[PDB]
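Q: Starting off with a structure, shown below.
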Amino acid sequence: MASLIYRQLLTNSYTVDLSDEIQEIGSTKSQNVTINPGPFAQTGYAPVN
Amino acid sequence: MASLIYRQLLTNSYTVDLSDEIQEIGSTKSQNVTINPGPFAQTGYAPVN
Amino acid sequence: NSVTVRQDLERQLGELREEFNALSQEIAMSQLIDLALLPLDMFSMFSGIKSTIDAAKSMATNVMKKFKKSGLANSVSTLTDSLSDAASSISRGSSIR
Amino acid sequence: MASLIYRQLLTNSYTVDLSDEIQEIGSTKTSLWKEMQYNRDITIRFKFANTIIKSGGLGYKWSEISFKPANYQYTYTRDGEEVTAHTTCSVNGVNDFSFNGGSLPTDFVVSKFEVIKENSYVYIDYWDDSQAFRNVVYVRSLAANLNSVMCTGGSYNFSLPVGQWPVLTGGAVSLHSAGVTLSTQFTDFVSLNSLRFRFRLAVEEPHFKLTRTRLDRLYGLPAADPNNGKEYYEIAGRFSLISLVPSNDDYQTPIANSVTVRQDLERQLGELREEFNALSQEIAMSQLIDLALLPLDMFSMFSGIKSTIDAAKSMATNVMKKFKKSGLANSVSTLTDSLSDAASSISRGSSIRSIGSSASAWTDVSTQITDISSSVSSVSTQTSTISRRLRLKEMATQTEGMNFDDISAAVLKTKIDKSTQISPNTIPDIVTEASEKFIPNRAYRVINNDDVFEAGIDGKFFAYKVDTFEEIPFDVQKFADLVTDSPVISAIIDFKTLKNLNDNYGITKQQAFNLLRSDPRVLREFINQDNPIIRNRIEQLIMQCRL
Amino acid sequence: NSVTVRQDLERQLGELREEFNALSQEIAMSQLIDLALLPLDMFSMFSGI
Amino acid sequence: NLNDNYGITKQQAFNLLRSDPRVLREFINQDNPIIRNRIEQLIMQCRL
């Protein structure tokens, strides 16, 4: 029935995962960002003459 | 109640094979993965003698 | 960039099954049959899952994979092909009763 | 029964898209058959290659360090025999690392630098010489147990005009085999098939560093020296194979090999139809009716196929994607469109039709246009058109009483399981033809408060009473608009057979009620005991389904 | 990188809804009733488009 | 409201079950009763 067809449309969700992993595997590159420090020391070279 | 639950767990055998095939063939044709250098410049005293 | 990750193991299935029965033996009664009338789906059968760590799709696929090798699947397949062959022609005239 | 089989296999035609896209992206750039056991113990030797390219100038900039598919050989001694092997390697899903020294032309820089981590794969193929290696064109299943290898990496150094040379040491990836399949391989125009091995990865503790560079504690085997100056990589393991051979009719003569695939059999269509006519001529008496009750889902439809390729489901649903070329999917699409757009146009679409009893699409849209035959009446034409349309539709939506597609798929299964010569790639046309070419002309019935009539796609039609049997004169419009909004009874037993059966053998009331409403219970109970004339009618009807 | 916008594709539905209303004003009266009776499935709805 | 028109003794046990399209179709096709207004507002009642 139309309402039953609507519930059927709700049921078959086990294909969206297949679809988007298909999208991902044929998609562009992956990447891995790296780590960075915080504050610093503000040093120099005093005894120069 | 359960009738259709066990019906659907049994019918989707036609889809599980598609799933394993597509995951394998995607594993075959995966593209390259490139890391990012990061927001820093790594330098050093190169020409020592 | 560690040495590697290490998947963890799990206890043998016997203790799981016995404690599963021990958990069954304190189920409610009226709400059980109250639930036993609503025919849900294949979807909400696995809607509420714990921590869903990139697992729901793979777990559903694994359920579908493992379900077809059960005794019930073999029994229904032998049912259907046996009746198809029986109706196909006069294949078995009279061997046993 | 089989009505729902056709419905949900048609609805599950949205899955053809994933298969089509993945297949496109993966190629961019009784039995008369017997199986042989094949369990030959195996081991394998590996080898890795590399490619290095510098940039012209002062010899300070380096462009790419990359892997490359290599192929070696070795001489095997197992079971007291000698065999030679050709093997090739490959890799996919490699991570890319880089190191910039700056811009001025006196500093070291490498642009592309591939290293393997826990996201890649390695591919291996065999070339044996035993007869097991020659029977790998038709295989049922494949499995292999292999031992892991604790592979490592070596050390490479550059060379610069001034200063001591930069070195690059270390590399370590463990291997774990998971998955075996089939492929082809060639090196000297010797193209013939082989089997593939895929592996998962794991890296170990050693540090793979670069000297005097702001770089340390790299994890993963690089492409500098993946061999440590060694020769091969010893990996042993079990192996299984259950391939088959196209054996002859006899039993004393097996075959020592298998010749080839893509053989030009492709046997001519039309010569694969008369044997179905014979099979139907020796089909059954009543057990097909027993078969015509259980709804045989997609799993049970192809449970006993016994093939070598699992893509049968995708093609077998592409077929009810592809009735676009026939008149099944086209008919449902067109008539759903007609009902849909007739439900929105009151201005023009609501007045451009013919007349039944009221503005309905199931009756007057049937009388759209058709060139008339030599000599017929009028009412026959409208009855034929409306019966044809509600035939094509009401069958595929819902009804009461046993329906004709049930027996249609019944004869389908009786042919498929008792075929004895069908390839996995000829069913995706037999199913289409049988869904269309069968069921040529069947009549339909509906009950209305002791008043009942019938018509079919032959130009014939009658009307008669329930609790007696005589003809009453026919009318059109009230009958049309009462069949518009009622479940219909697929007339398995037509009017003349009912009249003859009542006249000769008599009938009780309960039998009349449960027979006029297409209940298979009374049908089987009646044809089982003594096979009267309607046994002839049903044998003709199952004879009628020609192709 | 770009300061990603917090809205996407709404500027189409925002104008499409009113013409939905305008066209739905003049639906038929008897034909949509029996348009509901046939169980128009997942394939049928999305085919004739 | 409709009970001013008779429609009784076979239509009550069906239209009260509120599930059969047959009797409502037969009413809507020729009678043009209050139910026509009811379902017309119902159709309008789902604006979006």
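Convention: chains lettered A, B, ... in structure tokens order; per-chain residue numbering from 1; ligands numbered from 1 as shown.
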Residues within 10 Å of residue 23 in chain B, please, as number ranges by chain. Count only C-alpha atoms; anything in the same chain fewer than 2 positions from it doesn't count.
A: A: 18, 21-22, 25; B: 17-21, 25-28; D: 22
Q: Please write the residues from the selection above to a file, keeping N, CA, C and O atoms, as a compact mmCIF listing (two decimals), in the first residue's frame.
A:
# COMPACT_ATOMS: atom_id res chain seq x y z
N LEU A 18 26.79 1.40 1.53
CA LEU A 18 27.47 0.90 0.35
C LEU A 18 27.69 2.03 -0.65
O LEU A 18 28.79 2.18 -1.19
N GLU A 21 30.42 4.52 0.65
CA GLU A 21 31.78 3.98 0.64
C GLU A 21 32.26 3.79 -0.80
O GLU A 21 33.46 3.91 -1.07
N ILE A 22 31.34 3.49 -1.73
CA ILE A 22 31.68 3.54 -3.15
C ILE A 22 32.14 4.94 -3.54
O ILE A 22 33.12 5.11 -4.27
N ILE A 25 35.74 5.46 -1.93
CA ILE A 25 36.85 4.70 -2.49
C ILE A 25 37.27 5.26 -3.85
O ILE A 25 38.45 5.24 -4.19
N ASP B 17 26.85 -10.30 -1.33
CA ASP B 17 27.89 -10.61 -2.31
C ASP B 17 28.32 -9.37 -3.07
O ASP B 17 29.51 -9.16 -3.32
N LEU B 18 27.36 -8.53 -3.46
CA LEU B 18 27.71 -7.25 -4.06
C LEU B 18 28.60 -6.45 -3.12
O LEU B 18 29.58 -5.84 -3.56
N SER B 19 28.28 -6.46 -1.83
CA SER B 19 29.06 -5.69 -0.87
C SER B 19 30.51 -6.17 -0.82
O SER B 19 31.44 -5.36 -0.89
N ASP B 20 30.71 -7.48 -0.70
CA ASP B 20 32.09 -7.96 -0.58
C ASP B 20 32.86 -7.74 -1.88
O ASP B 20 34.04 -7.36 -1.86
N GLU B 21 32.19 -7.94 -3.02
CA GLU B 21 32.84 -7.70 -4.31
C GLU B 21 33.27 -6.25 -4.45
O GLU B 21 34.40 -5.96 -4.86
N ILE B 25 37.14 -4.87 -4.84
CA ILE B 25 37.60 -4.20 -6.06
C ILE B 25 37.94 -2.74 -5.77
O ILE B 25 38.80 -2.15 -6.44
N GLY B 26 37.29 -2.14 -4.78
CA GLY B 26 37.70 -0.82 -4.34
C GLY B 26 39.06 -0.83 -3.67
O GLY B 26 39.86 0.08 -3.85
N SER B 27 39.32 -1.88 -2.87
CA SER B 27 40.65 -2.04 -2.29
C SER B 27 41.71 -2.16 -3.37
O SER B 27 42.86 -1.73 -3.19
N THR B 28 41.36 -2.75 -4.51
CA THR B 28 42.31 -2.88 -5.61
C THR B 28 42.66 -1.54 -6.26
O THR B 28 43.84 -1.28 -6.53
N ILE D 22 30.43 0.40 -9.86
CA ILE D 22 31.64 -0.25 -9.38
C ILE D 22 32.30 -1.06 -10.48
O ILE D 22 33.53 -1.07 -10.59
Q: Chain A least-squares fit onto chain B, all C-alpha atoms in order: RMSD in Å?
A: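 After least-squares fitting, the two copies differ by 6.5 Å C-alpha RMSD.
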Q: Within 9 Å of residue 36 in chain E, counting only C-alpha atoms, which residues qualify if same-chain residues fewer than 4 places away don't, as a PyMOL selection string?
A: (chain A and resi 1-2) or (chain E and resi 31-32+40)
Q: Could you please take those selected residues and save N, CA, C and O atoms as an mmCIF file, in the first residue's frame?
A:
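Everything below was put into part.cif:
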data_model
loop_
_atom_site.group_PDB
_atom_site.id
_atom_site.type_symbol
_atom_site.label_atom_id
_atom_site.label_comp_id
_atom_site.auth_asym_id
_atom_site.auth_seq_id
_atom_site.Cartn_x
_atom_site.Cartn_y
_atom_site.Cartn_z
ATOM 1 N N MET A 1 0.863 -1.174 0.000
ATOM 2 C CA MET A 1 0.000 0.000 0.000
ATOM 3 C C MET A 1 0.906 1.233 0.000
ATOM 4 O O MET A 1 2.098 1.120 0.288
ATOM 5 N N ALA A 2 0.354 2.403 -0.336
ATOM 6 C CA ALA A 2 1.156 3.621 -0.380
ATOM 7 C C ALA A 2 1.859 3.899 0.942
ATOM 8 O O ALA A 2 3.052 4.219 0.940
ATOM 9 N N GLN E 31 -9.714 11.377 -9.151
ATOM 10 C CA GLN E 31 -8.649 10.541 -9.694
ATOM 11 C C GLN E 31 -7.514 10.322 -8.702
ATOM 12 O O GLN E 31 -6.882 9.259 -8.715
ATOM 13 N N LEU E 32 -7.224 11.295 -7.842
ATOM 14 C CA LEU E 32 -6.195 11.061 -6.840
ATOM 15 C C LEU E 32 -6.637 10.036 -5.808
ATOM 16 O O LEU E 32 -5.786 9.437 -5.144
ATOM 17 N N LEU E 40 1.872 2.009 -5.464
ATOM 18 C CA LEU E 40 2.991 2.554 -6.218
ATOM 19 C C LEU E 40 4.269 2.411 -5.402
ATOM 20 O O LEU E 40 4.408 3.014 -4.335
#
Q: Please determine the contact residues of chain B with respect to chain A at a cut-off of 6 Å, counting only C-alpha atoms, and supply them as JSON, numbers by chain.
A: {"B": [26, 33, 34, 35]}
Q: With a distance cut-off of 12 Å and only C-alpha atoms, select the neighbouring residues of residue 3 in chain F, excluding the residue or stretch itself and same-chain residues fewer than 6 positions from it, and output the selection as a VMD selection string.
A: chain F and resid 11 to 12 33 to 35
Q: Would you kindly return, as a PDB file with N, CA, C and O atoms, in the first residue's frame, each protein, DNA or RNA residue with an atom no farther than 8 Å from any atom of range 65-77 of chain C, considering only C-alpha atoms and excluding same-chain residues fewer than 4 positions away?
A:
ATOM      1  N   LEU B   9      16.269 -10.679   6.617  1.00  0.00           N
ATOM      2  CA  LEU B   9      17.599 -11.195   6.907  1.00  0.00           C
ATOM      3  C   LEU B   9      18.020 -12.288   5.935  1.00  0.00           C
ATOM      4  O   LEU B   9      19.220 -12.533   5.779  1.00  0.00           O
ATOM      5  N   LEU B  10      17.063 -12.935   5.270  1.00  0.00           N
ATOM      6  CA  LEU B  10      17.345 -14.028   4.353  1.00  0.00           C
ATOM      7  C   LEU B  10      17.408 -13.594   2.895  1.00  0.00           C
ATOM      8  O   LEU B  10      18.172 -14.187   2.126  1.00  0.00           O
ATOM      9  N   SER B  13      20.837 -11.761   0.946  1.00  0.00           N
ATOM     10  CA  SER B  13      21.977 -12.532   0.468  1.00  0.00           C
ATOM     11  C   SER B  13      22.371 -12.109  -0.942  1.00  0.00           C
ATOM     12  O   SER B  13      23.528 -12.270  -1.347  1.00  0.00           O
ATOM     13  N   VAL B  16      24.713  -9.003  -0.082  1.00  0.00           N
ATOM     14  CA  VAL B  16      25.966  -9.175   0.654  1.00  0.00           C
ATOM     15  C   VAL B  16      27.119  -9.502  -0.297  1.00  0.00           C
ATOM     16  O   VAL B  16      28.258  -9.048  -0.101  1.00  0.00           O
TER      17      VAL B  16
ATOM     18  N   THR C  61      26.140  -5.567   7.514  1.00  0.00           N
ATOM     19  CA  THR C  61      26.654  -6.408   6.440  1.00  0.00           C
ATOM     20  C   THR C  61      27.095  -7.769   6.959  1.00  0.00           C
ATOM     21  O   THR C  61      26.846  -8.789   6.310  1.00  0.00           O
ATOM     22  N   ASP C  81      14.042 -26.847  -3.336  1.00  0.00           N
ATOM     23  CA  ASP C  81      14.503 -27.598  -4.499  1.00  0.00           C
ATOM     24  C   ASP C  81      13.934 -29.011  -4.500  1.00  0.00           C
ATOM     25  O   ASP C  81      13.678 -29.567  -5.573  1.00  0.00           O
TER      26      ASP C  81
ATOM     27  N   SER D 300      15.615 -18.156  -2.474  1.00  0.00           N
ATOM     28  CA  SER D 300      15.152 -19.465  -2.912  1.00  0.00           C
ATOM     29  C   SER D 300      15.070 -19.581  -4.426  1.00  0.00           C
ATOM     30  O   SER D 300      15.138 -20.697  -4.953  1.00  0.00           O
ATOM     31  N   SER D 303      18.833 -20.559  -5.278  1.00  0.00           N
ATOM     32  CA  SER D 303      19.552 -21.324  -4.271  1.00  0.00           C
ATOM     33  C   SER D 303      20.330 -22.492  -4.858  1.00  0.00           C
ATOM     34  O   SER D 303      21.445 -22.775  -4.404  1.00  0.00           O
ATOM     35  N   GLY D 304      19.776 -23.173  -5.859  1.00  0.00           N
ATOM     36  CA  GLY D 304      20.431 -24.334  -6.425  1.00  0.00           C
ATOM     37  C   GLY D 304      20.960 -24.120  -7.827  1.00  0.00           C
ATOM     38  O   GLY D 304      20.898 -25.029  -8.662  1.00  0.00           O
TER      39      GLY D 304
END
Q: Please identify all polymer residues within 10 Å of residue 338 in chain D, counting only C-alpha atoms, omitting same-chain residues fewer than 6 positions from it, and present them as a list in words.
A: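 Residues near the query, excluding close chain neighbours: residues 332, 349, 361, 362 and 365 of chain D; 35 and 48 of chain E.
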Q: Deliver the residues from the most recent selection as a file, using N, CA, C and O atoms, as a short mmCIF file (atom, residue, chain, number, x, y, z; two decimals), in the first residue's frame.
A:
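Writing the result to again.cif gives the following:
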data_model
loop_
_atom_site.label_atom_id
_atom_site.label_comp_id
_atom_site.auth_asym_id
_atom_site.auth_seq_id
_atom_site.Cartn_x
_atom_site.Cartn_y
_atom_site.Cartn_z
N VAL D 332 3.97 -0.61 -16.98
CA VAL D 332 3.72 -0.11 -15.63
C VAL D 332 4.12 1.36 -15.53
O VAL D 332 3.39 2.17 -14.95
N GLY D 349 -7.02 17.54 -19.38
CA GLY D 349 -6.86 16.09 -19.35
C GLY D 349 -8.10 15.35 -18.89
O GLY D 349 -8.27 14.17 -19.19
N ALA D 361 -9.64 6.41 -15.31
CA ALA D 361 -8.51 6.12 -16.18
C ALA D 361 -8.39 4.63 -16.47
O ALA D 361 -7.85 4.24 -17.51
N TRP D 362 -8.86 3.79 -15.56
CA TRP D 362 -8.75 2.35 -15.77
C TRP D 362 -9.68 1.82 -16.86
O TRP D 362 -9.49 0.68 -17.30
N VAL D 365 -9.22 5.29 -20.70
CA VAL D 365 -7.86 5.36 -21.23
C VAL D 365 -7.49 4.06 -21.92
O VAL D 365 -6.63 4.05 -22.82
N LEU E 35 -5.75 6.91 -7.37
CA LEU E 35 -4.30 6.96 -7.51
C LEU E 35 -3.61 6.44 -6.24
O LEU E 35 -2.49 5.95 -6.30
N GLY E 48 8.82 7.41 -13.81
CA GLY E 48 8.28 8.37 -14.75
C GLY E 48 8.63 9.80 -14.42
O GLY E 48 7.74 10.64 -14.23
#
Q: Can you tell me how far CA of residue 118 in chain D sits from CA of residue 202 in chain D, in Å to one decimal?
A: 6.1 Å
Q: So that I can check the surroundings of residue 78 in chain D, please list as a list in words every protein, DNA and RNA residue that reaches within 10 Å of it, counting only C-alpha atoms and ignoring chain neighbours fewer than 2 positions away.
A: residues 40, 41, 42, 43, 76, 80, 81, 82 and 83 of chain D
Q: Generate a file of the selected residues that holds N, CA and C atoms, formatted as a PDB file, in the first residue's frame.
A:
ATOM      1  N   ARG D  40      47.089 -28.896  -3.228  1.00  0.00           N
ATOM      2  CA  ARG D  40      48.531 -28.954  -3.417  1.00  0.00           C
ATOM      3  C   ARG D  40      49.200 -27.971  -2.468  1.00  0.00           C
ATOM      4  N   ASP D  41      50.095 -28.479  -1.626  1.00  0.00           N
ATOM      5  CA  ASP D  41      50.834 -27.617  -0.720  1.00  0.00           C
ATOM      6  C   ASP D  41      51.745 -26.684  -1.512  1.00  0.00           C
ATOM      7  N   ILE D  42      51.849 -25.443  -1.038  1.00  0.00           N
ATOM      8  CA  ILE D  42      52.530 -24.394  -1.782  1.00  0.00           C
ATOM      9  C   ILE D  42      53.386 -23.549  -0.849  1.00  0.00           C
ATOM     10  N   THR D  43      54.373 -22.885  -1.446  1.00  0.00           N
ATOM     11  CA  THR D  43      55.127 -21.819  -0.805  1.00  0.00           C
ATOM     12  C   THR D  43      55.518 -20.825  -1.887  1.00  0.00           C
ATOM     13  N   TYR D  76      61.308 -24.959  -7.728  1.00  0.00           N
ATOM     14  CA  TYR D  76      60.679 -25.551  -6.559  1.00  0.00           C
ATOM     15  C   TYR D  76      60.853 -27.062  -6.535  1.00  0.00           C
ATOM     16  N   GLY D  80      58.790 -34.524  -3.954  1.00  0.00           N
ATOM     17  CA  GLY D  80      59.707 -35.283  -4.775  1.00  0.00           C
ATOM     18  C   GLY D  80      59.712 -34.923  -6.244  1.00  0.00           C
ATOM     19  N   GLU D  81      59.216 -33.745  -6.610  1.00  0.00           N
ATOM     20  CA  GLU D  81      59.149 -33.318  -8.001  1.00  0.00           C
ATOM     21  C   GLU D  81      59.723 -31.914  -8.134  1.00  0.00           C
ATOM     22  N   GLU D  82      59.905 -31.490  -9.383  1.00  0.00           N
ATOM     23  CA  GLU D  82      60.491 -30.196  -9.705  1.00  0.00           C
ATOM     24  C   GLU D  82      59.488 -29.366 -10.491  1.00  0.00           C
ATOM     25  N   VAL D  83      59.372 -28.088 -10.134  1.00  0.00           N
ATOM     26  CA  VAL D  83      58.468 -27.169 -10.809  1.00  0.00           C
ATOM     27  C   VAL D  83      59.046 -25.759 -10.723  1.00  0.00           C
TER      28      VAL D  83
END
Q: Please report the interatomic distance between CA of residue 39 in chain C and CA of residue 7 in chain D in Å with one decimal.
A: 20.4 Å
Q: Among range 23-52 of chain C, which ones does DSSP place in helix (DSSP H, G or I), written as a list in words?
A: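 Selection result, helix (DSSP H, G or I) within range 23-52 of chain C: residues 23, 24, 30, 31, 32, 33, 34, 35, 44, 45 and 46 of chain C.
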